[PDB]
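K.L.:
Below is the sequence, then the experimental coordinates.
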Amino acid sequence: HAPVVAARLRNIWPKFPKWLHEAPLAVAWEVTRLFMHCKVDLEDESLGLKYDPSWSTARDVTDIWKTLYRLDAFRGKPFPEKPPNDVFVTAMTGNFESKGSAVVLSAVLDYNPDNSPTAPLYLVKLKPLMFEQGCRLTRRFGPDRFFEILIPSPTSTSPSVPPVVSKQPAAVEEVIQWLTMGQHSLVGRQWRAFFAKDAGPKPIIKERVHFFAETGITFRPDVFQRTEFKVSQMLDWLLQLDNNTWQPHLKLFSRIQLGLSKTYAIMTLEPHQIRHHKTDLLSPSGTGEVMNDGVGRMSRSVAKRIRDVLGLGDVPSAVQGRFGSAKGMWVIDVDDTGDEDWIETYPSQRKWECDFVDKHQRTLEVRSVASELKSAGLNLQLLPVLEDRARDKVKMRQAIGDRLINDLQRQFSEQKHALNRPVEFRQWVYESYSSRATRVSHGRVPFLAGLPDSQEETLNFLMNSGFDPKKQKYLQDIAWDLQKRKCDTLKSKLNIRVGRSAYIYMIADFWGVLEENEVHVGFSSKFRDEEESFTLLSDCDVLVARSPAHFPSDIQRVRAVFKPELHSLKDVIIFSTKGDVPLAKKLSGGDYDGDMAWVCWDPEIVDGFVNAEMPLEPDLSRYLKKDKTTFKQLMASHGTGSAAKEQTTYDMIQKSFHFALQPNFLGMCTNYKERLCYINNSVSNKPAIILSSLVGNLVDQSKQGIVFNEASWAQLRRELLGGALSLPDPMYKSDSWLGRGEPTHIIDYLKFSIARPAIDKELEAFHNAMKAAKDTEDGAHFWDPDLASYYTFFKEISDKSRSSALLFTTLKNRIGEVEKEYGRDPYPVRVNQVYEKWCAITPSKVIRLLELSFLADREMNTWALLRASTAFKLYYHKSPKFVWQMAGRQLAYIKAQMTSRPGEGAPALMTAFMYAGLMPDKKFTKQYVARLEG
Amino acid sequence: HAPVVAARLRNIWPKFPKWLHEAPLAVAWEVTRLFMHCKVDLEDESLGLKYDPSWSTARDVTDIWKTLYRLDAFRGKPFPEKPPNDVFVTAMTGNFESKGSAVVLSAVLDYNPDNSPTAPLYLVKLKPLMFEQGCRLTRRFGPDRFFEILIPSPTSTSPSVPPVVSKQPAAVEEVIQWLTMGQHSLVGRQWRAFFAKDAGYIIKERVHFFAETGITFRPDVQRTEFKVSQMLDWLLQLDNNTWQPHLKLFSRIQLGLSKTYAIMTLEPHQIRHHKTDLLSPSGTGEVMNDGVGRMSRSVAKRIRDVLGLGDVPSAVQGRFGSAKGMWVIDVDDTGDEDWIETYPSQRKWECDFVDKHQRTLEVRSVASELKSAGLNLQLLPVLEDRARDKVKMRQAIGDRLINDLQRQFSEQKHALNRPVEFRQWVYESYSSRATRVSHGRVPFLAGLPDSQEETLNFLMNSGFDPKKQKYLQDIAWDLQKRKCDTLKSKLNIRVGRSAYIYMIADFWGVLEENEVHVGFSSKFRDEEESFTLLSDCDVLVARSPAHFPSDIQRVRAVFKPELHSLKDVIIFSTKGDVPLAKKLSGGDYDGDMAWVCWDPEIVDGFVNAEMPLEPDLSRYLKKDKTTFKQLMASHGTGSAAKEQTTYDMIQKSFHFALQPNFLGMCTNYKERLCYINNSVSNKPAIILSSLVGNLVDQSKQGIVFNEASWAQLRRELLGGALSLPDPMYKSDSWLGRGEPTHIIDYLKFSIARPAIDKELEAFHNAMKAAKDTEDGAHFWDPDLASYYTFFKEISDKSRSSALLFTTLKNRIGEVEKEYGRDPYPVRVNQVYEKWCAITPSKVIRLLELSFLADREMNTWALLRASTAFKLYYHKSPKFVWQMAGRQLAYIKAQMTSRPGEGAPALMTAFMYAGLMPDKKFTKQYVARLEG
Ligand SMILES: [Mg+2]
Ligand SMILES: [Mg+2]
């Protein structure tokens, strides 16, 4: 209770008018969206609202917007963005649920740029209805009963946050109280907060908050759509609270995320089909150490059901999932020769005490599956530890630079060779980037004005109509904008490719075949590395790591040993359950609940590496303070019985929100450590070991109830290190070397001595080159006489003209006006505005032939061809980007028309849909070129 | 000798003029491939000879005949097949070799339809110059010194053979004598015969000649005179191999002719000749690695390098000096030195390995990624013979087949319901990639692709729907009907978990006797399941064909981590009494592939039989073991004696190679008798299996087996005499008394046929769908009359465009009538040409767009297409689609376009040809469509 805030925090939500009370939920949502967007008051008695019965039977939101919009006070604009039909229909008529998909209600709040109280404080924008995979909780209670927002973090220091908040210490407590203390009215439902978490110049970080529709004007009581139901009951259903009062309440709150986890429901197992183990697999040496933390077995038939319901090409050996209170990985049991369904759970997987009685507690839900692997490369954060652990550091660093030079050289040579033939460049462009998901989503290649959205898609669209990247400069320009952007990425990220490396799910050996420093890695298919291929790993040393590696010991060198017993387990890496300490825990305190290891079998990288033992970590208890307060201790303030328990549940939500919304120091302490280790050039001295241990403890902050605030951070740097004082940014944060003399630090050296010269050298190759193209014949020009085809045709006519003539003059004039418009807000919207003026350039008997009005799509007429070519003749000069962006599409048609030859096959006019479904045939390319080359 | 036949063959070959002794060998070819076709001769007179040149410096062909025909001349329908430029260039300027390819001189002889005696007997046609992979012999002596012909076999037997030869018994000796006794003049060279064998593909035999001299050669002891006897002595180092049976020695000549890639020449210190093979550990003395040896890892990387393979191959089939067989990477090789070994069982003659060409590794083939083999019908009788429960075996195979049949019929019918899906199915139903590669586009006949399948996709890609447009519906139907025929004629048992795999022997002592190791180079996919290797299961292995009950064996797949690096080969134990390979129809490790099957249903019921007690067939099978040394005894000693002995061996061995092949005949008899007996394990079956097994090695075993022997065998051990009928399953229908009882009969006629016929009833019930079910699919499409209606509207206030439109309709009508009225593609073209001939101030300039080099991209072509459609969709649907399909598709794609719903794409013919349907798009897109 500040109050300052309030009154601000009014009144934050859009009102729900009486004329709109006959819903339905989806209409209410999407109509409210048109009103907020157009800036139209929903409690306006000047507009004569109303309620279109027709909206009730609507299957396209555009129908409940063209209403409307109409009215005159809606124009505007167009948009909102608009929910897809299939989504809208599901929300309207399919229960907010389409197979596995939930319809999602979401909003983003940004600080009100306004001011004074009684202005809101937050502006709310409602997202369009959308599909996202469901979760336990939306399958149990209905997707329509869940609402999520992104909201500016109230403890965000700083400086672009309103004064009103935080120069008024605690009302951080007022914001949370607003969030949690009562219900929020939105679109005729009563929403109550039950979860908060971090989100999925310098902006204010937002936190994601989840609300449950406890009631609304359509619900009904109760005990004993759609029935009233409290958040305390919902969470009791999820967590079986009666049996979990012993738990620290912050930790218990953190388990709510397991009901929100986006997962595929696979199958419900019978009780007799479930094996709950009372004990984990423990260290053989008596350390009491858990050797299979987060991992269990499943039967083979269970894994086949997962292939089945998910539609996988193959039975997966392991999956990341949930099952009642159990969370982690399940791996097929290699000893299963039966065909009966079963699964097991271990104490380390079970996050609360669950009776596993209702079918939703006994349903296997899949988050992700072990899939075919792809090369990982080397991230620059691994480098300092790799260098630290090198038997010889000068050679390590010479080698890593050579590798980066070579890989770069290698990717340039392949690009420039492929460029020499359209079939080959198309194949290279296709392989460089996946567009299939975009294509599946739109039922076509999406266009911005006259060309595809995507640069890659633009290249192939144009080459498929006969343009040549070595002949047309525009194709050339894009081809190298692309190679530039990729150089930028390499110097920023230093993602040096290492062909023999992959991220692989870690699994523990239940079967007792791997000795302590042995790992088993078999692949589901051929893993290719330039000249060499692998279906498995055997008799070689490998490096394993989890990202991020901080301690010198966070990367380990071990022996890859293929065990025939584990032959069936593919695309996972199995660690021994022998020894004192599981290998997983040595890899940055990891485990087997979904962790993936960086696995590297590259000889040059593996062979110079020397293992370090675990660090003696410091006691940080003075700075890191765990709140261990249990649900039982919170309930003692209210007493005993159902009302006591209900209020305790809400206490837990409120205290845990107050915890979740505190600043994240993980990021801050990680950056300090980056900076400190950089200046010291050491990842193994005492300060380095202290900070690595620090950030290691902050990773589990949320479920450990670790309190760590600003005063404690300062105290810890004061007492154990620095340099309150900002440490300078590493030099490698800048684009050019701003250091003194030669780079000494390995990242500076790799970015500045190696990558930057090599890039600029590789770019001096084809600017050279440009330049070498006047008329060697080759080279690459903007001009193409083929595309002035219709121009010259109608100028001849035009001559000759009378008055075609006049038509042709207006045309050139209008194009000129629109190029001027192109010369002068987000980018795609502005381009569209110009595209629309472009399309508005419109024309007995000559106009009828140019117009072909029997075609519903204007942009397929002969006029569009003429307009495109005239614009080309006039502007290929001059404004090359203007012409291609507006008319790319018809330039392509003209090109395919013009290059066609009698008796040399037929050009194909493909529908947008049918075109999106084809891919380059790599065998064709390869075989066709092979015959071209004798 | 033999009175006639001579001189009824002493010209045969041109006929090599004054006068063209000059100008490169290629030029000559090639020119003497013109008196050949078409005519002229020797021999003149008229009209002008010798020189051009270029000719004597050309780079085409092509040309040359462009000198030609002065002449005038012929004028003989200017068409010889014609050698490719790069080939001709190589033969002209590149030594007949580039770099791995040899230029090949070949001809085909057919019997002279003429007669009597002074006429040739053979007509010879010279093939155009061509590239083929070289061999040891062309690399050593030059591809230009070798000439090969196909020649009718003088011992066939019969009917369509000239009189002329047999019934003049033993002029078969006269033909061979002609072939071998002396030199043959051809294009200015003197060719001598040194090898004969059966053809690569009245049966003809392939004969090989070597240019011993010619009017460009030079004395000794381009280039130099050299005898066939010297060339063979270089190859086989005859001095040290006189101990060999001369037929077997002759057989080894094939090793010099084997088409191989030269990889690298190893130094002497890098070669390891073992004096002994790996022998049975039981003391049987059996060779356990027959035909196989190890190579170092660096050698195998050199093979990947020079062959441009994507990976190091674990094993290769090759030659190396006298050694023939497989070489496998030594898994124990941790060095990087080049080495190879040879074994007695690999070495086919005593070789010093001195010459670089005796020490060059030559690759015939390499172990490559595997694909599914399925089950060959020939294996079924033995699978059934060895079934623990034959009733259950037969039932599973039929169930397997019924299910496959119903699956593939239901999949076509389902795919039909969505154009993305039907396009995918159509694409997967037949491969068009090679046609597309060859043409640089999809070939069209008139207005539509050549191919029905390509037509379906072309039309669907512009927006037509096979459930809506009857034209597409009729084609799809036609394809299934057509597929049904093929199924009835081609019984197919489908088995995903099987492959043919190169057999290799375990040099490393890790596999127990009934264990095999199989690792794959990549994922071997079978519908629901994938394998990168085989472990902990039983597998069946066999070599095709399997004859004896024991020719298929069930063994244990055990993955040995020591052998993990060996991929796409199967490794057999070198323990036990007898090598597994030998049990697989007398096989070995020199290139044999095993049928490997790990399908549980097929493996499970199988019970191993032991090796059969084979009968003594000495009386019928007669081995001539006469050695080269015994042949040489009739001439004496020294170089002259040796030379004539070599020619002796060619003559004698030609006489042996040209005798009828009974392997085929005895194999057919066995199939027919075992079918009648419904037994592959009774006494006549064992006798016939043992017979054909002995006939496989006939050539290098010098086994003589003629008609008298075959008839005596049949008489004594069998058998009619008497022609066995064909098995019922060689006829298309069952005819056939009652129910099929033979397993193949049962599967074909009792299982497959009733399923196929139940499916020809499904389609025919849907033919009568039909009337006006509103679906129905129709020929009518108002989209396709687009331009028609547009121009009738303009022609209404005509005045003028009316007249233009009236001529158009008229001329289309004339061409429709022409379509109503040789071969097929030629006639269609004629009509297409008249159709394209239908051609048109400002309106005609807009319709014509003459700046377009391709007429058929005109707005007029669109107008012509739709007015033809409007006027004829009803009456002559095939006419309009055949002529105008192309533009009907353009119209459809234009019409069907909607603003803000994406852009149609005008693809070039070439760029369209290089795209395939994306299976993942199909699959993901429909998944989204279905909620
Ligand atoms: Mg974990
Ligand atoms: Mg063999």
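P.N.:
Sure, I can see it. Numbering: from 1, shown residues only, chains lettered A, B, ... in the order given. Ligands and ions are numbered 1, 2, ... in the order given.
K.L.:
for chain A, longest helix please?
P.N.:
helix A:393-418 (DSSP state H).
K.L.:
how far out from the middle of the chain is that one?
P.N.:
In this view, helix A:393-418 has its centroid 29 Å away from the chain centroid, taken as Cα atoms, centre = their mean, to the nearest Å.
K.L.:
Now do that helix: which elements does it pack against?
P.N.:
Applying 3 or more Cβ pairs under 8 Å, 6 or more residues apart in numbering or on different chains; DSSP states H and E, we find helix A:393-418 packed against helix A:383-388, helix A:422-432, helix A:473-493, helix A:746-749, helix A:756-763. In short, each C-beta sits where N, CA and C put it, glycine included.
K.L.:
Just give the nearest non-adjacent residue to residue A:236, would you?
P.N.:
In space, and not counting its chain neighbours, residue A:236 is closest to residue A:649: 7.0 Å by Cβ to Cβ, 6 or more residues apart in numbering or on different chains.
K.L.:
give me the residue from the stretch 151-300 of chain A nearest ligand 2.
P.N.:
Per Cβ to the ion, residue A:300 is where the stretch 151-300 of chain A lies closest to ligand 2, at 39.9 Å.
K.L.:
For residue A:366, which three-state class applies?
P.N.:
strand (DSSP: H, G, I helix; E, B strand; the rest coil).
K.L.:
what's it in contact with, if anything?
P.N.:
A:263-264, A:266, A:306, A:310, A:319-321 (Cβ atoms under 8 Å, 6 or more residues apart in numbering or on different chains).
K.L.:
again, 7 Å this time
P.N.:
Residues near residue A:366 by Cβ atoms under 7 Å, 6 or more residues apart in numbering or on different chains: A:263-264, A:266, A:306, A:310, A:319, A:321.
K.L.:
closest to ligand 1 among the residues you listed?
P.N.:
Nearest member of these to ligand 1, counting by Cβ to the ion, is residue A:321, at 13.3 Å.
K.L.:
count of residues packed around residue A:460?
P.N.:
23 (other Cβ atoms under 10 Å in any protein chain shown).
K.L.:
now do the one 5 residues further on
P.N.:
Taking other Cβ under 10 Å as the criterion, the count of residues near residue A:465 is 24.
K.L.:
The one 4 residues further on now?
P.N.:
Each residue near residue A:469 was counted by other Cβ under 10 Å, and the total is 26.
K.L.:
With residue A:221 instead?
P.N.:
9.
K.L.:
OK, contacts around the residue of the stretch 201-350 of chain A found nearest ligand 2?
P.N.:
The stretch 201-350 of chain A approaches ligand 2 most closely through residue A:314 (35.9 Å), counting by Cβ to the ion. If you count contacts by Cβ under 7 Å, 6+ apart, residue A:314 has them with A:307, A:524, B:529-530.
K.L.:
hang on, the earlier thing: now do the contacts for the residue nearest to residue A:236.
P.N.:
A:232, A:235, A:241.
K.L.:
just checking, it is part of a strand?
P.N.:
No. Secondary structure of residue A:649 (three-state DSSP): helix, not part of a strand.
K.L.:
So which bits of the stretch 451-600 of chain A are right by ligand 2?
P.N.:
Taking Cβ under 5 Å from the ion as the measure of proximity, the stretch 451-600 of chain A makes no contact with ligand 2.
K.L.:
Which parts of the stretch 451-600 of chain A are strands?
P.N.:
A:451-452, A:501-508, A:518-529, A:532-537, A:540-545, A:555-560, A:572-575, A:596-600 (DSSP state E, counting those that start in this stretch).
K.L.:
Give the buried residues for the second one.
P.N.:
Going back to what we said before, that points to strand A:501-508. Residues of strand A:501-508 classed as buried: A:501-508 (neighbour count, 16 or more other Cβ atoms under 10 Å in any protein chain shown).
K.L.:
hmm, back to that, which of the contacts of residue A:366 count as buried?
P.N.:
By 16+ other Cβ under 10 Å, these give A:263-264, A:266, A:306, A:319, A:321 as buried.
K.L.:
What about those residues, which are in helices?
P.N.:
Per DSSP H, the buried ones among the contacts of residue A:366 map to helices at residue A:306.
K.L.:
Among the buried ones among the contacts of residue A:366, which pair sits farthest apart?
P.N.:
The distance between the two most remote of the buried ones among the contacts of residue A:366 (Cβ to Cβ) is 11.7 Å, for A:263 and A:306.
K.L.:
Tell me, how many residues neighbour residue A:201?
P.N.:
Neighbours of residue A:201 (other Cβ under 10 Å): 4.
K.L.:
Quick check: closest non-adjacent residue to residue A:722.
P.N.:
residue A:676 (7.1 Å).
K.L.:
Now for that neighbour, how many residues are close by?
P.N.:
Residue A:676 has 21 nearby residues by other Cβ under 10 Å.
K.L.:
Could you do residue A:611 as well?
P.N.:
By other Cβ under 10 Å, the burial measure for residue A:611, its neighbour count, is 14.
K.L.:
Helix or strand: which one has the residue nearest in space to the middle of chain A?
P.N.:
Nearest to the geometric centre of chain A sits residue A:200, at 8.0 Å (Cα atoms, centre = their mean). Assigned by DSSP states H and E, residue A:200 falls within no helix or strand.
K.L.:
what sits against it?
P.N.:
residue A:208.
K.L.:
State the distance from it to chain B.
P.N.:
22 Å (Cβ to the nearest Cβ, to the nearest Å).
K.L.:
Need the three-state assignment for residue A:774.
P.N.:
coil.
K.L.:
can you count the residues close to it?
P.N.:
Neighbour tally, residue A:774, other Cβ under 10 Å: 10.
K.L.:
again, but for residue A:859
P.N.:
22.
K.L.:
Then the one 4 residues further on?
P.N.:
Neighbourhood size, residue A:863 [other Cβ under 10 Å]: 22.
K.L.:
and what of residue A:786?
P.N.:
18.
K.L.:
Next: residue A:581.
P.N.:
Residue A:581: 14 neighbours (other Cβ under 10 Å).
K.L.:
next one: residue A:50
P.N.:
Quick note: residue A:50 (other Cβ under 10 Å) scores 11 neighbours.
K.L.:
wait, it sits on residue A:19?
P.N.:
Yes. Residue A:50 is within contact range of residue A:19, at 5.2 Å (criterion: Cβ atoms under 7 Å).
K.L.:
before we move on, the earlier item: possible to save the helices and strands packed on helix A:393-418 as JSON lines with mean neighbour count?
P.N.:
Output for those, formatted as JSON lines (neighbours: other Cβ atoms under 10 Å in any protein chain shown):
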{"stretch": "helix A:383-388", "mean neighbour count": "22"}
{"stretch": "helix A:422-432", "mean neighbour count": "20"}
{"stretch": "helix A:473-493", "mean neighbour count": "17"}
{"stretch": "helix A:746-749", "mean neighbour count": "21"}
{"stretch": "helix A:756-763", "mean neighbour count": "16"}
